[PDB]
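To start, the structure itself, in structure tokens.
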Protein chains: 6
Amino acid sequence: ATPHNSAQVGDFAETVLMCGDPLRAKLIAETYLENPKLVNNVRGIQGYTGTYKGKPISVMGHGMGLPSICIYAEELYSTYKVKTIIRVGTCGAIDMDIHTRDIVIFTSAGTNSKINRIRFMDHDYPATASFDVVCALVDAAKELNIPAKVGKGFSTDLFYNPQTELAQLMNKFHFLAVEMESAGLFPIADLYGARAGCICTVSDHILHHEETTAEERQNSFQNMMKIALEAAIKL
Amino acid sequence: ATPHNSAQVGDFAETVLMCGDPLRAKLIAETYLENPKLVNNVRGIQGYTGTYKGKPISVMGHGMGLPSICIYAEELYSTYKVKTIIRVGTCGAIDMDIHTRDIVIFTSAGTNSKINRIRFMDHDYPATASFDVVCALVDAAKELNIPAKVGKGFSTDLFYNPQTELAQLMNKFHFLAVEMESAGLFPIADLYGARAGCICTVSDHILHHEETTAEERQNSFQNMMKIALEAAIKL
Amino acid sequence: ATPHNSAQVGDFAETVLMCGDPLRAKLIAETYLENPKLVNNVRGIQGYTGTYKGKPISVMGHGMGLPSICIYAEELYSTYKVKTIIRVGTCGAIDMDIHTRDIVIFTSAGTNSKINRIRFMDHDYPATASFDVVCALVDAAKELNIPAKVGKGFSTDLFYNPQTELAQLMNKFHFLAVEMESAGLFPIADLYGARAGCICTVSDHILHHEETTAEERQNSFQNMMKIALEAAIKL
Amino acid sequence: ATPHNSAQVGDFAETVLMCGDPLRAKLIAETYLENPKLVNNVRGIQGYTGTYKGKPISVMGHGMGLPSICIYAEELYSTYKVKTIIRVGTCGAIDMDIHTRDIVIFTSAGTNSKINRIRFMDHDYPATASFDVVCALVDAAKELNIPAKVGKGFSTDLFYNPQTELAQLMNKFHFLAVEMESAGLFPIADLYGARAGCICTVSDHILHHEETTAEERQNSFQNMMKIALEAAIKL
Amino acid sequence: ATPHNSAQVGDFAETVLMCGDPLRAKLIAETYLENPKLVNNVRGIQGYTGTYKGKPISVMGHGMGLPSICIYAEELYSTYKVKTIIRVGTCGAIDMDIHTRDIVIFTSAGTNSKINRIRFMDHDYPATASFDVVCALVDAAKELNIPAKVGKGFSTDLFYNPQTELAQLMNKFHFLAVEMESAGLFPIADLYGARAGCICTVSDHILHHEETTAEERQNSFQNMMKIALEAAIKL
Amino acid sequence: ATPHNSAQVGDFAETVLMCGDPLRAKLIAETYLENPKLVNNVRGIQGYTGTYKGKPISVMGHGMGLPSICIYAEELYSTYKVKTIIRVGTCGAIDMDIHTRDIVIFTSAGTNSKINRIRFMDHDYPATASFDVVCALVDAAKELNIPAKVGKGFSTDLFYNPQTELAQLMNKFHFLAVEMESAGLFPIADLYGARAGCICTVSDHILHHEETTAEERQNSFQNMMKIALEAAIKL
């Protein structure tokens with residue numbers, strides 16, 4: 001149907017969970033969905049559609065960086081009539097009070113990208129997570145009683161960032177974590193009158209060395225997944 | 001104590017309601033607070049401190065525009081140790097589905113200002129309302145059962161905006177309303193590890209002529225005030 | 001007549017003196033004008049119209065920051081057909097050769113704001129004081145024989161400026177003082193084919209501790225006021 | 001060895017061919033290399049190392065967009081000590097004199113991204129292909145006698161570009177094609193004192209409908225691959 | 001003494017008149033100065049030093065564009081200890097009320113250049129003519145009773161400007177004329193604690209066809225020269 | 001024919017060599033061309049047209065800075081129907097591996113100017129030398145067997161650059177040399193479907209003191225000239 005998707009309108013559920021790693025997306029599909037069917041694998045993106053608690057749900061990769069997720073999100077909202085895209089994955093902690101293996105719910109995401117300035121007449125567009133999605137993620141967290149931190153995230157274009165001072169600046173303004181897609185996703189959802197959200201488990205800290213026990217990193221991941229899945233049902 | 005405030009540390013409650021109109025702030029103090037005492041009137045700003053349901057509460061004006069509210073907010077968070085600043089006032093609707101006299105709860109605010117870019121190494125800072133404050137405002141709305149719209153707002157530096165195309169662009173991205181302070185307030189709260197939020201009643205629509213009945217504009221205002229006050233207690 | 005002014009066309013003199021402090025404006029009206037009448041008090045702005053040496057003159061506050069004064073200036077030039085707006089007030093010295101209590105006449109004002117870039121296709125607009133007004137202010141200074149310094153001013157959006165290096169940069173380029181309105185005012189006057197100017201008394205120095213004797217600060221203020229008033233007559 | 005690569009120093013050849021599609025990279029490895037061995041598949045990136053005419057050569061995917069390829073390129077140049085990265089893939093034609101199925105050799109790439117401005121003190125960095133690589137690609141083209149167009153390319157962050165006027169502007173300045181990685185790749189090669197280049201086959205035209213015969217699109221692809229491979233040997 | 005000047009400290013008068021055309025500068029030297037001596041001709045710049053009414057005066061070309069005059073001005077203020085640089089030349093009218101052959105005195109100059117933003121931490125620097133020089137030029141005009149227009153000028157980097165809408169924008173803000181050096185000159189004078197000014201005769205109008213009689217264009221030029229010369233003496 | 005050129009269509013050869021120094025251009029004309037005739041001297045620019053090996057060739061100065069060369073290049077390509085403009089001159093070395101008296105062939109040029117951003121919708125335009133011209137210059141170098149370095153150049157607007165850190169940044173990215181015209185020239189050639197190139201001899205190093213023997217600086221210059229001339233014939 002599109003340059004980056006072979007599936008046809010209807011193959012995708014109206015709620016799609018997206019992560020960077022296509023293998024992760026394949027794992028998710030095989031681990032949490034019932035009767036997952038590969039509906040799209042253009043560029044080995046691993047797009048699946050199965051069910052969770054009787055409801056239709058799709059999981060697909062979105063590469064890394066805003067330019068990438070921007071392609072998938074717009075194609076999904078526009079061509080496949082998707083209504084909700086919840087980004088699920090890992091990220092790097094910034095704030096000193098955030099520890100590795102912590103789950104973070106993005107209220108919004110800042111960015112060093114130029115995309116939003118391009119779509120917003122060079123002004124400051126607040127890449128804000130859909131309020132419904134934020135509430136669904138937080139309610140899920142509360143109901144499952146899984147500690148989660150809610151706040152600003154930051155979508156960087158430079159994983160290896162030359163501006164090393166930026167990190168401390170972000171810690172001063174209390175940015176919770178860093179990833180590479182949210183700031184691009186959120187505004188595209190607004191444009192299509194659709195919804196977007198993001199939940200991540202901190203896989204590493206950028207300001208100091210952390211303690212990462214083998215079974216603690218997985219628990220954290222599974223916990224984030226439960227929240228994302230339950231919230232999807234609520235939506 | 002400061003160049004723009006004569007009050008001393010302790011004169012202000014830890015939760016402060018701020019609007020642009022100092023006369024409005026005086027009205028609010030005399031109408032909703034018990035035993036309101038004028039603690040600061042430098043520049044006729046009308047800063048009061050009284051009580052609501054037994055709890056300490058302060059109401060003060062903040063002029064118009066980010067540069068203005070930036071002065072008051074930082075002085076309050078820094079010198080008077082205020083913890084929460086809820087901006088309460090009027091605004092101009094953008095989105096076609098938003099009508100005059102509607103109450104809007106800001107999740108965040110975009111801006112055509114350069115301030116946040118100055119404090120954020122020229123990148124995109126997401127002026128986001130403190131999540132606690134957004135939730136307190138929405139819960140108050142729900143509990144009082146007062147219809148309110150939650151979403152992005154826009155803080156403009158140009159009330160009379162030369163870029164007339166911006167309005168339609170904002171309607172396409174579904175910005176709810178336009179005011180002139182939120183985008184400045186939110187990031188200053190983050191810096192001080194404090195909290196900020198904004199709730200406004202739409203006094204006019206920028207894309208078309210609206211119907212404004214005399215008693216409907218006041219009800220709307222009183223309703224917004226109830227929500228702001230109750231939320232303050234919850235915080 | 002406007003959203004921020006209740007007065008009608010004709011209530012304002014064609015020459016208006018504006019300062020940030022509305023109480024200051026009230027003081028000015030009661031101290032230097034004959035038969036001052038409050039023609040507008042929307043937002044406690046304290047707008048008066050009286051006479052000086054038989055001629056009509058208006059004094060009104062304009063809040064703090066470019067976004068604020070931008071609203072009043074354009075409304076005045078456009079709706080009330082005002083011809084001259086002279087900003088009168090305080091400011092912070094930059095240049096080492098400028099001392100507290102010194103009177104400064106702005107030839108122009110730089111800014112860290114984005115407004116002029118918005119109205120000027122993102123190029124460098126030189127916020128220049130109307131040449132007639134500069135000459136009227138300087139002639140008044142010379143005739144009254146009151147020492148005044150003439151040069152560049154700087155209108156900041158950040159009273160509390162994160163970019164602490166900016167101050168020394170400005171001292172190197174010899175910016176005389178810092179305030180928060182001129183850069184916005186000047187270009188709006190040009191747009192309306194009208195005139196604008198600014199004169200300030202330095203109330204404090206930003207690069208070092210100064211000596212401020214009680215009666216020296218008032219004399220300085222009264223002197224600045226005489227110059228502003230006489231120049232108004234000349235215009 | 002890295003967050004996005006499991007291979008160790010030595011697993012990668014000093015010359016690496018990179019395309020967006022990981023499946024394409026797998027195809028390339030199985031079709032043109034002898035004894036290709038999968039040395040890295042983190043994120044299903046499909047990184048292989050085999051031989052071409054007795055020489056070591058690696059082929060791996062790089063996702064879509066500058067942020068993505070920026071991660072891989074820097075990791076490869078820095079950790080795996082790679083010397084040459086030749087981007088090989090598809091692109092969209094701009095210039096009217098460029099037709100679908102045409103092969104284009106990038107001399108350089110423009111971009112609407114902010115990355116290079118971030119690494120270059122906000123000035124204009126000319127994302128230029130390593131001269132050795134450009135010459136190797138052009139010599140290969142000449143020796144194989146395969147018609148190829150040499151000129152500027154454009155790396156966009158927005159596949160779906162809101163600024164629809166940009167296309168005609170680029171046609172006026174004769175930008176040959178559009179892709180999404182070159183502008184990020186080239187400067188990273190310079191930083192590491194290494195080399196980078198890009199060759200693409202136009203899979204579609206952005207200014208008008210083109211004729212794409214089944215066997216013409218493959219020939220074009222195979223031809224581009226021959227040039228890329230032979231040039232690699234020359235390097 | 002410098003890369004662009006062979007003269008030594010002392011060869012140049014403390015007041016230097018500069019125009020773009022080196023031949024014009026040679027003409028000026030031979031026509032208005034007594035005993036003009038060529039003190040520098042690096043790059044055929046035609047730098048002379050002679051006398052006017054017994055006082056030392058130098059005339060030299062400065063090429064075209066800010067980058068050019070920036071080199072000469074800084075070298076002159078820094079190495080040759082020059083105190084005043086008055087730019088004298090031609091320009092293109094913008095404002096409809098400005099006619100060909102009109103003399104214009106710059107109060108300041110706007111620009112589409114990035115230089116001042118580079119030297120001013122990316123903020124708005126008001127390229128303002130030294131107030132002493134503006135007054136000297138205007139007094140000379142008044143004393144000689146030669147009609148002159150005083151106001152903003154604009155220094156463009158693009159004589160052939162792609163942004164054709166800019167012209168009308170400038171006419172709306174009443175920019176008097178367009179040249180290519182003032183915006184660069186003025187800030188360099190400030191940096192060296194020295195002085196700069198600019199006076200031009202409009203040789204053509206950019207918004208419509210004008211009437212240019214043979215002897216009217218010369219008179220205008222001679223008149224501008226008298227003003228520049230007399231003002232130099234006053235300084 | 002134009003404001004800066006008195007010559008008529010046909011007076012200029014289709015290939016024009018341009019340097020900053022008009023005296024240098026005069027020298028070149030008298031030293032390397034047969035029967036050189038001065039076809040244009042507006043502003044003492046020294047524009048000549050003679051022959052080299054029987055072929056028509058023109059040499060003319062272009063002042064200093066992008067704004068300057070932009071005027072000449074566009075007038076030449078547009079009015080005089082010139083096809084190739086090869087900038088020939090001096091420059092300042094950046095990279096530590098570049099020594100004084102070294103000849104450098106620009107593949108492209110970066111810049112701190114705003115021109116290209118103005119003509120390119122505020123995006124990154126890669127000021128790239130025409131590939132034909134680069135190849136002609138390099139072939140000439142190879143055939144004459146004159147060592148030349150090929151790579152990025154940088155066209156600065158600030159000969160005296162306040163941003164002293166830029167130099168080291170450029171050395172890290174391996175910018176070969178610095179001049180003041182290429183970045184402006186290259187894009188104008190693209191616009192006119194014409195060609196441009198640049199070759200310079202390093203007259204000084206910006207990062208350290210160099211050894212410059214009298215006869216080594218001239219040899220270097222003559223060598224650069226041979227390459228430029230021979231390449232012109234090849235084109």
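Every chain in the structure tokens takes a letter, A first, then B, and so on in the order presented; its residues are numbered from 1, and the ligands are numbered from 1 following the presented order.
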Would you write out chain B as a CSV table (one decimal) with C-alpha atoms, in the first residue's frame, after superposing it on chain C by least squares over all in-order Cα pairs?
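Final output, part_1.csv:
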```
chain,number,residue,atom,x,y,z
B,1,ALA,CA,-12.5,50.9,22.2
B,2,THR,CA,-10.0,48.1,22.4
B,3,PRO,CA,-9.4,44.8,24.5
B,4,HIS,CA,-6.9,46.6,26.7
B,5,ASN,CA,-8.3,50.2,26.6
B,6,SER,CA,-11.7,51.5,27.5
B,7,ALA,CA,-11.1,55.1,26.3
B,8,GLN,CA,-12.3,56.4,23.0
B,9,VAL,CA,-10.6,58.0,20.1
B,10,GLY,CA,-9.8,61.5,21.3
B,11,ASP,CA,-9.3,60.7,25.0
B,12,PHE,CA,-5.6,60.4,24.5
B,13,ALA,CA,-3.3,63.2,23.6
B,14,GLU,CA,-1.2,62.8,20.4
B,15,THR,CA,1.9,62.6,22.6
B,16,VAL,CA,2.0,59.9,25.3
B,17,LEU,CA,4.6,59.3,28.0
B,18,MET,CA,4.8,55.6,29.0
B,19,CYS,CA,6.6,53.9,31.9
B,20,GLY,CA,6.4,50.3,33.3
B,21,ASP,CA,5.0,51.2,36.7
B,22,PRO,CA,1.3,52.2,36.6
B,23,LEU,CA,1.7,53.7,40.0
B,24,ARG,CA,4.6,55.7,38.7
B,25,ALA,CA,2.4,56.8,35.8
B,26,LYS,CA,-0.3,57.9,38.3
B,27,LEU,CA,2.4,59.8,40.3
B,28,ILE,CA,3.6,61.5,37.2
B,29,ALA,CA,0.1,62.5,36.2
B,30,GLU,CA,-0.7,64.0,39.7
B,31,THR,CA,2.8,65.7,39.9
B,32,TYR,CA,3.4,67.2,36.5
B,33,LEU,CA,0.1,67.5,34.7
B,34,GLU,CA,-2.7,70.0,35.2
B,35,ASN,CA,-6.2,68.7,35.5
B,36,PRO,CA,-5.2,65.1,34.8
B,37,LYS,CA,-8.2,62.9,34.0
B,38,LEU,CA,-8.2,59.1,34.1
B,39,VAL,CA,-9.2,58.1,30.6
B,40,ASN,CA,-8.4,54.4,30.8
B,41,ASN,CA,-7.7,51.9,33.7
B,42,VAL,CA,-8.3,48.6,32.0
B,43,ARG,CA,-5.9,46.2,33.9
B,44,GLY,CA,-5.1,49.0,36.3
B,45,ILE,CA,-2.9,50.5,33.6
B,46,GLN,CA,-3.5,54.0,35.0
B,47,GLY,CA,-4.0,55.9,31.7
B,48,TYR,CA,-4.3,59.7,32.2
B,49,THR,CA,-4.7,62.8,30.0
B,50,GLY,CA,-4.0,66.3,31.3
B,51,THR,CA,-2.0,69.3,30.2
B,52,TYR,CA,1.6,70.6,30.4
B,53,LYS,CA,2.2,74.2,29.6
B,54,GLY,CA,-1.3,74.4,28.0
B,55,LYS,CA,-0.7,71.4,25.8
B,56,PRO,CA,-2.5,68.0,25.9
B,57,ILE,CA,-0.4,65.2,27.2
B,58,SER,CA,-1.1,61.6,28.3
B,59,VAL,CA,0.7,59.3,30.7
B,60,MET,CA,0.0,55.6,30.9
B,61,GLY,CA,1.7,52.4,32.1
B,62,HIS,CA,2.8,49.7,29.6
B,63,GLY,CA,3.7,46.7,31.7
B,64,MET,CA,7.1,45.0,31.3
B,65,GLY,CA,8.5,43.4,28.3
B,66,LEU,CA,8.1,43.8,24.5
B,67,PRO,CA,5.0,41.7,24.2
B,68,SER,CA,3.3,44.1,26.6
B,69,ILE,CA,4.3,47.5,25.3
B,70,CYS,CA,3.7,46.1,21.8
B,71,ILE,CA,0.0,45.8,22.6
B,72,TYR,CA,-0.4,49.3,23.9
B,73,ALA,CA,1.8,51.1,21.3
B,74,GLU,CA,0.0,49.5,18.3
B,75,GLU,CA,-3.4,50.2,19.9
B,76,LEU,CA,-2.5,53.8,20.6
B,77,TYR,CA,-1.0,54.5,17.2
B,78,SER,CA,-3.7,52.6,15.3
B,79,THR,CA,-6.9,53.3,17.3
B,80,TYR,CA,-6.3,56.5,19.3
B,81,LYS,CA,-4.2,58.1,16.5
B,82,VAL,CA,-1.4,58.9,18.8
B,83,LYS,CA,1.7,60.4,17.1
B,84,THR,CA,4.5,60.2,19.7
B,85,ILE,CA,5.2,57.7,22.4
B,86,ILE,CA,8.1,58.5,24.7
B,87,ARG,CA,9.1,55.6,27.0
B,88,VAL,CA,10.2,57.1,30.3
B,89,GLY,CA,11.6,55.0,33.2
B,90,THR,CA,14.4,53.1,34.8
B,91,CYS,CA,17.0,50.7,33.5
B,92,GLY,CA,20.2,48.8,34.3
B,93,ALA,CA,23.6,50.1,33.3
B,94,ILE,CA,26.0,48.0,31.3
B,95,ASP,CA,29.0,50.1,30.2
B,96,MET,CA,31.5,50.7,33.0
B,97,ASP,CA,31.5,54.4,32.2
B,98,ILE,CA,27.8,54.6,33.1
B,99,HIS,CA,27.0,55.2,36.7
B,100,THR,CA,23.8,54.7,38.8
B,101,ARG,CA,21.5,57.7,38.6
B,102,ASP,CA,22.7,58.6,35.2
B,103,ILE,CA,20.2,59.6,32.5
B,104,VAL,CA,20.4,57.8,29.2
B,105,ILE,CA,18.9,58.7,25.8
B,106,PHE,CA,18.4,55.7,23.6
B,107,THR,CA,19.4,56.1,19.9
B,108,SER,CA,18.3,52.5,19.5
B,109,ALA,CA,17.9,49.2,21.3
B,110,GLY,CA,19.2,45.7,20.7
B,111,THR,CA,17.2,42.7,21.9
B,112,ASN,CA,17.3,39.0,22.5
B,113,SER,CA,13.7,38.8,21.5
B,114,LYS,CA,12.3,37.2,18.3
B,115,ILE,CA,9.6,39.8,17.6
B,116,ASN,CA,11.4,42.0,15.1
B,117,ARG,CA,12.8,38.9,13.3
B,118,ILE,CA,9.2,37.8,13.0
B,119,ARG,CA,8.1,41.1,11.5
B,120,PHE,CA,11.2,41.5,9.4
B,121,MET,CA,11.5,38.2,7.4
B,122,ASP,CA,14.0,36.8,9.9
B,123,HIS,CA,16.6,39.5,9.2
B,124,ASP,CA,18.2,42.2,11.4
B,125,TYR,CA,15.8,45.1,12.0
B,126,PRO,CA,17.5,48.1,13.6
B,127,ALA,CA,15.1,49.1,16.4
B,128,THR,CA,15.9,52.8,16.0
B,129,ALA,CA,14.4,55.6,18.0
B,130,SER,CA,12.6,58.2,15.8
B,131,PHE,CA,15.2,60.8,14.9
B,132,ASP,CA,12.9,63.7,15.8
B,133,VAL,CA,12.4,62.3,19.2
B,134,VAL,CA,16.1,61.7,19.8
B,135,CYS,CA,16.8,65.3,18.8
B,136,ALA,CA,14.0,66.6,21.0
B,137,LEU,CA,15.3,64.7,24.0
B,138,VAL,CA,18.8,65.8,23.4
B,139,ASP,CA,17.9,69.4,22.8
B,140,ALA,CA,15.8,69.4,26.0
B,141,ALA,CA,18.8,67.9,27.8
B,142,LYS,CA,21.1,70.6,26.4
B,143,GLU,CA,18.7,73.5,27.0
B,144,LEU,CA,18.0,72.4,30.6
B,145,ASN,CA,21.8,71.7,30.8
B,146,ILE,CA,21.2,68.2,32.3
B,147,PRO,CA,24.1,65.8,31.6
B,148,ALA,CA,22.7,62.9,29.6
B,149,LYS,CA,24.4,60.0,27.8
B,150,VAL,CA,23.2,59.1,24.3
B,151,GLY,CA,23.7,55.6,22.8
B,152,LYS,CA,22.4,52.1,22.3
B,153,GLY,CA,20.1,50.4,24.8
B,154,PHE,CA,19.2,46.8,25.1
B,155,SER,CA,15.7,45.4,25.6
B,156,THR,CA,15.9,42.0,27.2
B,157,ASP,CA,13.2,39.3,27.5
B,158,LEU,CA,15.1,37.9,30.4
B,159,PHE,CA,15.5,40.2,33.4
B,160,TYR,CA,17.2,37.3,35.1
B,161,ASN,CA,19.5,36.4,32.2
B,162,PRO,CA,21.0,32.8,32.0
B,163,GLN,CA,23.6,34.1,29.4
B,164,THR,CA,25.8,35.9,32.0
B,165,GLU,CA,28.5,36.4,29.4
B,166,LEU,CA,26.1,38.7,27.4
B,167,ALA,CA,26.7,41.6,29.9
B,168,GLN,CA,30.4,41.8,29.2
B,169,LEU,CA,29.8,41.4,25.5
B,170,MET,CA,27.5,44.4,25.7
B,171,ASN,CA,30.1,46.4,27.7
B,172,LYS,CA,32.6,45.7,25.0
B,173,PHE,CA,30.2,47.1,22.4
B,174,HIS,CA,29.4,49.9,24.7
B,175,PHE,CA,25.6,49.3,25.1
B,176,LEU,CA,24.6,52.0,27.6
B,177,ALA,CA,21.7,50.4,29.5
B,178,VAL,CA,19.2,47.6,29.7
B,179,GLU,CA,15.4,47.8,29.9
B,180,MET,CA,12.5,45.8,28.4
B,181,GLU,CA,10.4,47.7,25.9
B,182,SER,CA,12.3,50.0,23.4
B,183,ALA,CA,13.2,47.3,20.8
B,184,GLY,CA,9.5,46.5,20.5
B,185,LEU,CA,8.2,50.1,20.5
B,186,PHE,CA,10.5,51.6,17.9
B,187,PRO,CA,9.6,49.3,15.0
B,188,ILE,CA,5.8,49.6,15.7
B,189,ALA,CA,6.2,53.4,15.4
B,190,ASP,CA,7.9,53.0,12.0
B,191,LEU,CA,5.0,50.8,10.8
B,192,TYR,CA,2.4,53.4,11.7
B,193,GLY,CA,4.5,56.3,10.3
B,194,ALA,CA,4.5,57.6,13.8
B,195,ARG,CA,7.3,58.4,16.3
B,196,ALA,CA,8.9,56.8,19.4
B,197,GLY,CA,11.7,57.5,21.8
B,198,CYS,CA,13.1,56.4,25.1
B,199,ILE,CA,14.8,58.1,28.1
B,200,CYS,CA,15.8,56.3,31.3
B,201,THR,CA,17.5,57.0,34.6
B,202,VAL,CA,19.8,54.2,35.6
B,203,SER,CA,18.5,52.7,38.9
B,204,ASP,CA,21.2,50.1,39.2
B,205,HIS,CA,24.4,48.7,37.6
B,206,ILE,CA,24.7,45.1,36.5
B,207,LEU,CA,28.5,44.8,36.5
B,208,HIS,CA,29.3,46.2,40.0
B,209,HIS,CA,28.0,47.7,43.3
B,210,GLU,CA,27.1,51.3,43.1
B,211,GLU,CA,26.5,54.3,45.4
B,212,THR,CA,22.8,55.4,45.6
B,213,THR,CA,22.1,58.4,47.8
B,214,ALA,CA,18.4,58.9,48.7
B,215,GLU,CA,18.0,62.4,47.2
B,216,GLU,CA,20.2,61.7,44.2
B,217,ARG,CA,17.9,59.0,42.9
B,218,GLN,CA,14.9,61.3,42.9
B,219,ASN,CA,16.7,64.3,41.4
B,220,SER,CA,17.8,62.0,38.6
B,221,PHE,CA,14.2,60.9,38.1
B,222,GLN,CA,12.8,64.5,38.2
B,223,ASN,CA,15.5,65.6,35.7
B,224,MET,CA,14.7,62.8,33.3
B,225,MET,CA,11.0,63.8,33.6
B,226,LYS,CA,11.7,67.4,32.8
B,227,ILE,CA,13.6,66.4,29.7
B,228,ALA,CA,10.8,64.1,28.6
B,229,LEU,CA,8.2,66.8,29.2
B,230,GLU,CA,10.0,69.6,27.5
B,231,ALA,CA,10.9,67.4,24.5
B,232,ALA,CA,7.2,66.5,24.2
B,233,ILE,CA,6.3,70.2,23.9
B,234,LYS,CA,9.0,70.6,21.2
B,235,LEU,CA,7.4,67.7,19.3
```
Open item on the list: Can you tell me, as number ranges by chain, which residues in region 78-223 of chain F count as alpha helix (DSSP H) by DSSP?
Closed with: F: 78, 115-119, 131-144, 165-172, 182-191, 214-223
- [ ] Run DSSP on the backbone and grab whatever in region 25-224 of chain A lands in strand (DSSP E or B); send it over as an MDAnalysis selection string.
- [x] chainID A and resid 34:40 47:52 55:61 84:93 103:111 124 128 149:155 177:179 195:205
Could you dump the residues just selected with C-alpha atoms as a compact mmCIF listing (two decimals), in the first residue's frame?
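Ended up saving to result.txt:
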```
# COMPACT_ATOMS: atom_id res chain seq x y z
CA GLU A 34 -2.35 -14.41 20.41
CA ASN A 35 -2.24 -15.60 16.80
CA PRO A 36 0.17 -12.91 15.64
CA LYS A 37 0.32 -12.63 11.86
CA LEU A 38 3.12 -10.85 9.98
CA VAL A 39 1.24 -8.21 7.96
CA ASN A 40 4.27 -6.24 6.80
CA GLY A 47 5.02 -5.60 11.44
CA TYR A 48 2.59 -7.92 13.21
CA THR A 49 -1.12 -7.98 14.06
CA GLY A 50 -2.57 -10.33 16.65
CA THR A 51 -4.78 -10.00 19.71
CA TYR A 52 -4.53 -9.13 23.38
CA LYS A 55 -8.78 -7.08 21.08
CA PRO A 56 -6.84 -6.40 17.84
CA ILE A 57 -3.33 -5.10 18.35
CA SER A 58 -0.32 -4.49 16.10
CA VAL A 59 3.38 -4.33 16.90
CA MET A 60 5.99 -3.02 14.47
CA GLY A 61 9.49 -1.56 14.47
CA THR A 84 -3.16 5.22 18.49
CA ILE A 85 0.59 4.73 18.33
CA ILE A 86 2.33 3.97 21.59
CA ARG A 87 6.11 4.05 21.37
CA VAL A 88 7.57 1.39 23.68
CA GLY A 89 11.27 0.89 24.26
CA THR A 90 14.51 1.83 25.97
CA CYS A 91 16.13 5.19 26.66
CA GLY A 92 18.98 6.91 28.47
CA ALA A 93 18.36 8.58 31.83
CA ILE A 103 10.13 3.08 33.73
CA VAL A 104 9.36 6.54 32.36
CA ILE A 105 6.15 7.93 30.92
CA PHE A 106 6.68 10.85 28.54
CA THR A 107 4.39 13.85 28.96
CA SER A 108 6.28 15.37 26.08
CA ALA A 109 9.66 15.40 24.38
CA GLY A 110 12.13 18.12 23.56
CA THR A 111 14.48 17.81 20.59
CA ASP A 124 8.42 26.33 19.24
CA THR A 128 3.16 16.71 23.58
CA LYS A 149 8.12 8.38 36.56
CA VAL A 150 6.14 10.88 34.47
CA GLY A 151 7.76 13.86 32.81
CA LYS A 152 9.63 15.36 29.87
CA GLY A 153 11.72 13.24 27.55
CA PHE A 154 14.19 14.31 24.91
CA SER A 155 14.43 13.01 21.36
CA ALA A 177 15.17 10.46 29.71
CA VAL A 178 16.53 10.51 26.16
CA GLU A 179 15.38 8.53 23.14
CA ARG A 195 -3.17 9.90 19.32
CA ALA A 196 0.39 9.09 20.37
CA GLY A 197 2.27 8.26 23.55
CA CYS A 198 5.58 6.88 24.77
CA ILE A 199 6.76 4.67 27.63
CA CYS A 200 10.37 3.55 28.12
CA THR A 201 12.51 1.54 30.48
CA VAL A 202 15.87 3.19 31.20
CA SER A 203 18.58 0.85 29.93
CA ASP A 204 21.48 3.12 30.91
CA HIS A 205 22.37 6.41 32.60
```
